[PDB]
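Chains as they are written, first to last, in the authors' numbering: chain V, 2 to 269; chain G, 319 to 325, 332 to 354; chain F, 95 to 188; chain R, 21 to 157; chain P, 17 to 212; chain Z, 208 to 255; chain H, 391 to 513; chain A, 446 to 584. Where a beta carbon is used, it is the ideal one built from N, C-alpha and C, also for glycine.
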């Protein structure tokens, strides 16, 4: 009856097959599992690559799945995701910076980028207010190539955050990545501009913590789960089942993920 | 003709310089 | 540079020790230019030998020309940066 | 005494480098020697329990910092404890592909070059090259 | 390079397909994409008042100027021009501007019948080098294809030295990845499609 | 017993600008290749 | 390099100003050329612009001091040499710190004179 | 102000003597020979350094497709030991030396000095000064 939408973005077939086996064995057939390329709700996306239709890329440190090394840490990493076009077409993150050099008009692209950053900033400040932090950390790659996208990102993110009444501290990519991996307790809320390096940093943090499921906020309005490894995907499925209204099944998947990361399907 | 057809700290100085001279023209008028 | 080292030696022999280089001495210079691939230098040595010595060995002259043509075919006749055009306010004086 | 105190502060984040460089496994080895972990662990024993736990946790995090961000994202998806085995398997798989692609003798020369570039020990390189060859057949 | 690495480094030769046709075709999609936005809309269609071919016009011009050859008299550049000279200059200027716009880049006559401002000589010199440069590059990449070498230009580098002077592997690693990926890909674009 | 060393002082990684072979392909991509060199130097200085 | 170029230009302009000061003492201040009647002006603003109010003298002189950053100094003098600030009154540079102070003092002078005109026009 | 030939050449020589770093033997002697033979008479004094920089580093003959020499190019640094063995007034090197000097002078007067004499914009004037300073400090 119900439907779970599986999106594949750069994920090996083994992970997708494992996810399908886990849901089928745990759900028992009550909820069907259909595959697609875009969704707004009841969706799990497998693979490092960002799917189409997501504007925010928040991730946290769930209490249950905290690794012993990172016990007690509490930091929220939100990556701003610009609208994604077809693979052949030039992505906005690159078009916004190259068209200016080429002299092409960049009005519509700026407007689209501004809307995405505003939504991401609103999500980030909401998380910061909920956690109670007073200052957030913006992350922008300091490469000369990305001298325009980051500038707009800083201009808009600081504007929205300052309007909300919180402080912003701008930093690069290398320093923040090292701090987040070594001393993450000194960062409460960190926003990331839309760059390939930031995506890798978000994945690295999501994995080093012990394997977690990232939350993507789409244009249509909602939350979709995202994973890249066996444990992360299993947690993503468990959260998705919990959203559908399945508590016991979600707990079993979470327990299986904690015990046997690479073979959860056989473990449960 | 084509050039006519087509069309932050430093901006503040330009703003002040323009505005500073704006009153200097106005005082001369009346 | 072998060519620079040899030319300096000839200068010592000529201008300080007052000994005139012979044909063999100039033929060790021409061989290096052919071997190194410095065809433009070979042209000057060829004229030097003809002016002072009893001409230049034919094989070296032909070999030198062969090197020049290969550079011409390969576009290496001149350094690349020299052909790039620049204006009054575009020459990046260093 | 000063070296251990400086190292403890640096790992704790109290004091950063002169240029605010990231506190990586590379930079810590750069300024505190190859066996900084061993001496620090021995020194930490002369400190209260809380400081000992922090030192152990910081050392473990620094060791995890020994990988690049891309490697951590690709291989550390299923936890840090399983990172080393996953990375080794991925590294071995690349060797197998190279061997099947451009022979063995060139691969042997390439492994020698990479081990030279990686500061790896001859025994480890020989152990690695033997393992990949065995995996092939 | 401080700190012995946790793993060795290997070539990032991940995907082998990337067929030059497909990659070039993808490169063709980008080229057409950026140009349309830069130029805007295709200009409004125009209906010809008269029908005539460029070759016919050139032949008519040649016939018109051929009958006055005996009457036509040369003179110094600074001296005043004659009716025949003015007519010839105007006709040839229009004809060669049309040809250059079309694509018949015959520089020998363009430099004669179109160059009247030093700016024009500058433009001709810039254009002349560009065409020759593209021809050599296409031949070089054809010869490179005949020699089966990576199309992407190779930076003259010794990576064993790079790791040495560097303090950490991460910047070196990424640098290797970028150039290696650059070498794998070919920077060619479809020719006929763009000209349409 | 005087000062020994400043353990909090690392040497700055001395960057090197990548040099491309002087060919027609380099002339065509002179602007393209220069940007890559600048990006590489920026990455080396900042770290990533 | 920019700092060196600006400093040399100021020195050269000041030296020329001294030479011109000899000729204004011969033929009055009109008889030199147009160029040497724009050099005098921008070099009567440099001299006025080199004075700075020290924070140590706030109590005695009353006027608040200024700490001019090097980056501001190079730009402030560089712009004056080119001729961007050729319309600002000369006195706006006397005992002021930075280019922004020159502009704000100009507002306070232009607005101050505005009341004077309305007074002298009236009454 | 009567400016005879000795006065012009003397003024150019004084300008050339301005140096910051040691000059390679070939570059120095070639520039002196050009000034001595009057190739710099048309070049303004303030532009001598820029003229020298183009002669040594750049090559206008190769740039504007008007090269006829075979070996005597300023980028061939190995000619230093041939100039030191034969002299720039030899039958072997004199002929090509004059050709490149004449071409370099003609191109410089045609392209660079003409534009430099047609600069009035304050921004352009500032840019020209920066160029001259750089040339003076580098050959």
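Residue burial is scored here from C-beta neighbours: residue 580/A has at least 16 other C-beta atoms within 10 angstroms and is therefore classed as buried. Classified as buried, residue 457/A has 16 or more neighbouring CB atoms from the shown chains inside 10 Å of its CB.
For residue 217/V, the three-state secondary structure derived from DSSP is strand. For residue 127/R, the enclosing alpha helix (DSSP H) covers residues 125-138.
With three or more CB-CB distances shorter than 8 Å, the segment 78-85 of chain V counts as touching the segment 200-219 of chain V. If you check the CB distance, residue 13/V and residue 21/V do not come in under 8 Å. Around residue 121/V, the same chain offers 57, 81 as residues with beta carbons nearer than 6 Å, after the five sequence neighbours per side are excluded. Taking every protein chain shown into account, the CB of residue 134/P has fewer than 16 other CB atoms within 10 angstroms, so this residue is exposed.
When beta bridges are read from the DSSP output, residue 193/V appears opposite 80/V, 140/V. For residue 347/G, the enclosing alpha helix (DSSP H) begins and ends at 333-353. Within chain R, 39 have C-beta atoms less than 7 Å from the C-beta of residue 219/Z, given in sequence order. Proximity of chain Z to residue 149/P at the Cβ level (cut-off 8 Å) is accounted for by 231, 234, 235, in chain order. With contact defined as three or more Cβ pairs closer than 8 Å, the segment 231-238 of chain Z and the segment 166-186 of chain F are in contact.
At a cut-off of 8 Å between C-beta atoms, residue 98/R counts as an interface residue with respect to chain V. Our two residues, residue 145/V and residue 172/P, have alpha carbons roughly 23 Å apart in a direct line. Per DSSP, reduced to three states, the secondary structure at residue 170/V is strand. DSSP places residue 35/V inside the beta strand (DSSP E), whose first and last residues are 32-37. Chain-order list of chain G residues neighbouring residue 493/H: 337, 340, 341, 344, by C-beta distance under 8 Å. In this model, residue 118/V and residue 52/P are separated by some 27 Å (Cα to Cα). Remark: three or more beta-carbon pairs, one from each stretch, lie closer than 8 Å, so the segment 435-446 of chain H and the segment 479-488 of chain H are flagged as touching. The contact set of residue 201/V on chain R, defined by CB atoms closer than 8 Å, consists of 89, 90, 93 in chain order.
Taking 9 Å as the Cβ-Cβ cut-off, the segment 469-486 of chain H approaches chain A at 471, 472, 473, 474, given in chain order. If you compare the alpha carbons of 176/V, 211/V, 91/V, 150/V with that of residue 42/R, the shortest gap goes to 176/V. In the DSSP annotation of this structure, the continuous segment of the alpha helix (DSSP H) that includes residue 200/P starts and ends at 185-200. DSSP places residue 55/V in the strand class (E or B) of the three-state scheme.
Between residue 489/H and residue 473/H, the gap from beta carbon to beta carbon reaches 8 Å or more. For residue 181/F, no Cβ of chain Z is located within less than 8 Å of the residue's own Cβ.
Residue 103/F and residue 526/A have their alpha carbons spaced roughly 10 Å apart. Along the segment 30-52 of chain P, the positions whose C-beta sits under 7 Å from a C-beta of chain V are 42, 45, 46, 49, 50, read in chain order.
Under the 10 Å beta carbon count, residue 169/P is surrounded by 16 or more other beta carbons and is classified as buried. Residues of chain Z whose Cβ lies closer than 7 Å to the Cβ of residue 85/R do not exist; the shortest such Cβ separation is about 13 Å. Nearest to residue 198/P by alpha-carbon distance, out of 40/P, 166/P, 148/P, is 166/P. DSSP, reduced to helix, strand and coil, places residue 228/V within a strand of the structure shown. Assigned with DSSP and collapsed to three states, residue 47/V falls in strand. At a beta-carbon threshold of 8 Å, none of the residues of chain P lie near residue 36/R; the nearest stands roughly 16 Å away. Scanning the segment 46-132 of chain R from its first residue to its last, the whole alpha helix (DSSP H) runs of 4-plus residues come out as 56-64, 69-84, 89-95, 103-122.
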